[PDB]
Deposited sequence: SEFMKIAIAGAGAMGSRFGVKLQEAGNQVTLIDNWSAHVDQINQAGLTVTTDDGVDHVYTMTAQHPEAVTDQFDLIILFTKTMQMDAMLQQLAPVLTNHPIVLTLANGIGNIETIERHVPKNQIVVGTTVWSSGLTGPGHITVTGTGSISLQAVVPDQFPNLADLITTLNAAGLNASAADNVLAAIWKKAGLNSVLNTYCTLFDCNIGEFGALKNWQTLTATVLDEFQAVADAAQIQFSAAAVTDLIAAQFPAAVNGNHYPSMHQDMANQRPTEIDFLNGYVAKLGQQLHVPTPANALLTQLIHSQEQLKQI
């Protein structure tokens, strides 16, 4: 009775690991992904998991080819690519499946709401890890857990059943009321380190060595706090600030250029509209001024244009 037909929407490292565990536990799983080499490798040779190499027979498809329907969609697609993924799955969605989003981003609920009724939406965080070694190949270490929060708890049926299914697969899921808070916490970190490192062409340690890192950090985070306050989402600029500063040492991320800096260096459009830009979007709706975050968003967009030439 814990059985589910499950789509993994975005079958990168995390989706692929969740999908293997779910299928091996007895569920019917489809991995859905845009990466042709990955989809083909899974379908032609199976998914390889390295812990020692284990090979699993799995089903993978491009979104536009999916005609099946499911009990559960687990979304790992990045906020910036989420809308297009959901558009391409429009026919899959008519049976009103549970949509569990485990992606980073404050914009995910609003995005998913354009495609499915909001009482079908569950948000999650996870500390499972996974690396994407190559097409159809993940490398996995350790254990983890999942924390889940229904977006409309009063109208979401059978969160228990959902949790059972995940726990039957050994995923260590639990209900919690602080998940969207945890999502916003990660967004606050990312909207400081990604954005400033990109603007400055510097790594995380160089940022932390700035004589004005605290002012730059507070300018972003006090706006995040005011927005979160108006949205009635728990948030602590101080806690995020602690987490930011914990990245600074070389032993941690001091010599790391964050993902947005990498996007910029490779002339790829950044996720700025889903980070600082999204705080600014929400602040406008909530009558909370977000001039810093609005400006930072513009600066990154200008930088993109200049880099593309």
Checklist entry - According to the record, which stretches of the deposited sequence lack C-alpha coordinates? => result 52-54
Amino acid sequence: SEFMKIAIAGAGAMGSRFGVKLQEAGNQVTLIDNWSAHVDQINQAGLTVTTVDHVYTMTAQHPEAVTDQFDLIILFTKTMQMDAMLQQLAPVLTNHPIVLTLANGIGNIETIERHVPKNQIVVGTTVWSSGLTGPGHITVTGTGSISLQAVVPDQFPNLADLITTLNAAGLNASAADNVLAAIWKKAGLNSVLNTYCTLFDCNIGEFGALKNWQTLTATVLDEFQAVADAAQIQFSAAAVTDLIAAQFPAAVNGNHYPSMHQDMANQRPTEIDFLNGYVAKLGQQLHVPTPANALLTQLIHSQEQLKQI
From here on, numbers count along this sequence of modelled residues.
Next on the checklist: Going by the mean C-alpha B-factor recorded in the entry, which is higher: 262-270 or 62-70?
Outcome noted: 62-70
Item to check | Stretch with the higher entry mean CA B-factor, where the candidates are 225-233 and 142-150 | outcome: 142-150
Item to check | From 183, 112, 93, 197, residue of greatest CA B-factor | outcome: 93
Checklist outcome for this item: Residue set 247, 255, 241, 44, per-entry CA B-factor max assigned to 44
Checklist entry - Considering only modelled residues of the same chain, in which third does the CA B-factor of residue 56 rank: lowest, middle or highest? => result highest
Checklist entry - Which third of the chain holds residue 83 when residues are ordered by C-alpha B factor: lowest, middle or highest? => result middle
Next on the checklist: Ranking every modelled residue in this chain by its Cα temperature factor as given in the entry, which third contains residue 8?
Outcome noted: lowest
Next on the checklist: Split into thirds by Cα B-factor across the chain's modelled residues, where does residue 48 land: lowest, middle or highest?
Outcome noted: highest
Checklist entry - Compared with the other modelled residues in the chain, in which third is the CA B-factor of residue 20? => result highest
